[PDB]
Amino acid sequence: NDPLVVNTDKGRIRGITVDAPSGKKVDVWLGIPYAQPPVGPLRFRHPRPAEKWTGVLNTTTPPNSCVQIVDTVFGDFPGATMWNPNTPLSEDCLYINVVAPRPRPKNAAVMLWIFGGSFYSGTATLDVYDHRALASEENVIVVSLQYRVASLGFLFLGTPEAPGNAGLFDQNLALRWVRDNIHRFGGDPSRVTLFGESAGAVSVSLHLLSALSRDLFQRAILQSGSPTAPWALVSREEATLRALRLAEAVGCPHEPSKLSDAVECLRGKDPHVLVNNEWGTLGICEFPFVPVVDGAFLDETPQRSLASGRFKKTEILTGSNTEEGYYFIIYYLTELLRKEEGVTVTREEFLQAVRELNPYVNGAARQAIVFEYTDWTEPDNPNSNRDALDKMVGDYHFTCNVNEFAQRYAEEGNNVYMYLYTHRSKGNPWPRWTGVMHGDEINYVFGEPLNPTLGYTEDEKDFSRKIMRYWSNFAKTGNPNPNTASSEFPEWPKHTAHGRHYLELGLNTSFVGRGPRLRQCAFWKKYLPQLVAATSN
């Protein structure tokens, strides 16, 4: 009997044994189908489960990537190409990958990754997500899934043929596949931890809300993403207009009264033409096709679920990086924050950037933003004015929403663990002033430093082991801390509703603070909303 052949509920599949960069071996099944290819009449619609197959399906090749724009702003710059699809683009992209340790466990914990990329880009096949180190160093089953992105995943028109949230229904079906099958690979289907970063963390958090996902997993890890972020959802009314704008841009009928004509034309267009025409006039951290409240995956806004306690009762581990904003500013204000060493921002340039980065608020609100994000020890310092741009974008779009989500989870009696990730890799290829950007922790979570052919220092290898241990301790037990307190593994205290402690994740540190950034988060969540109310005569 061949242990690399596995009989799934739809047929048999064949995997392959491979090496970790770690020296240990793992078994691997790449490209398991979990839905019918969502092509032809099935475009924009919810996935159908996969049809049974006879024989043994060879699942040994990384699957196709879902159709998406390719980023060429910086050419072959490694900081950018690491996030571009590394497998062929196709609408036939609904696949799962499974990676098991050796020897195969019986009832191991299962860590299921959901990638980010602003709901219009990303793929489970990226080298930075390679599953082998995490599985073999921590003895967990590691799973990843594809889901449709961009208008192909999130077109909404309020009609049955464009119902919204297709990409979320994709993730739900993959979750169902895992519960029905992961025990055949040595995983315990009652010990599934979802983890994701960015739009993948939003996705995870939406599974903490949906009644369709409630019983499909055990706990959740959310890296730099929360469902209260202003980019995480779009109203149904605005989604309908963006879809019609897309129909216009590609030459289709676009009348609000005959939505049948628009969907049918859109189903005939080339998929690359669709994703390449989504980009109208949108501000920073505004993505055109994202989740909506549809009635079935969600039937109320996340903030209404949070206010009422209608969310899954379980532990969560979540956090932010210190420079969440720069990445998006680098791609949005391409004249101001050039990708070069030694960039600084003048006070006059800062005052203009504030208007460009918060284009919807009135003058009085802009003044408050300026006051809140000025270094009053040295108001004109050109480093301070550059950093202030990162902090106002990162606080509003990322950090403060993570805080809000963790706070409501803790108030309802759930164990919460909060981190602030502060480590900058020695080999970071971005300019020195960018600090610790959005996404930097992913390399350490997946154990890339344990690949000796990359350039990581010995200390960074140790740091990556610590982080994989915290993450997988959390997946296995609900608590990232080990049993015997260690000098290498500082105590990570709970994030309580009143205390709001967080652990700083970095090389030479075990600092525990509160928040992070409680005062700036109160500015966005409490002060600025009431000032906008008072001044909207």
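Numbering starts at 1 and follows the sequence shown.
Taking only CA atoms, the mean B-factor in the PDB entry is higher for 453-461 than for the other of 396-404 and 453-461. When the two stretches 54-62 and 479-487 are set side by side, the higher mean Cα temperature factor goes to 479-487. Out of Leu208, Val263, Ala150, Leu222, it is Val263 whose C-alpha atom has the highest B-factor in the PDB entry. Among the modelled residues of its chain, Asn172 has a C-alpha B-factor that falls in the middle third according to the deposited record.
The deposited CA B-factor of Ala497 belongs to the middle third of values across its chain. When all modelled residues of the chain are sorted by CA temperature factor, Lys24 is found within the highest third. In this PDB entry, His46 carries a Cα temperature factor that places it within the lowest third of its chain's modelled residues. Sort the modelled residues of the chain by CA B factor and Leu528 lands in the middle third.
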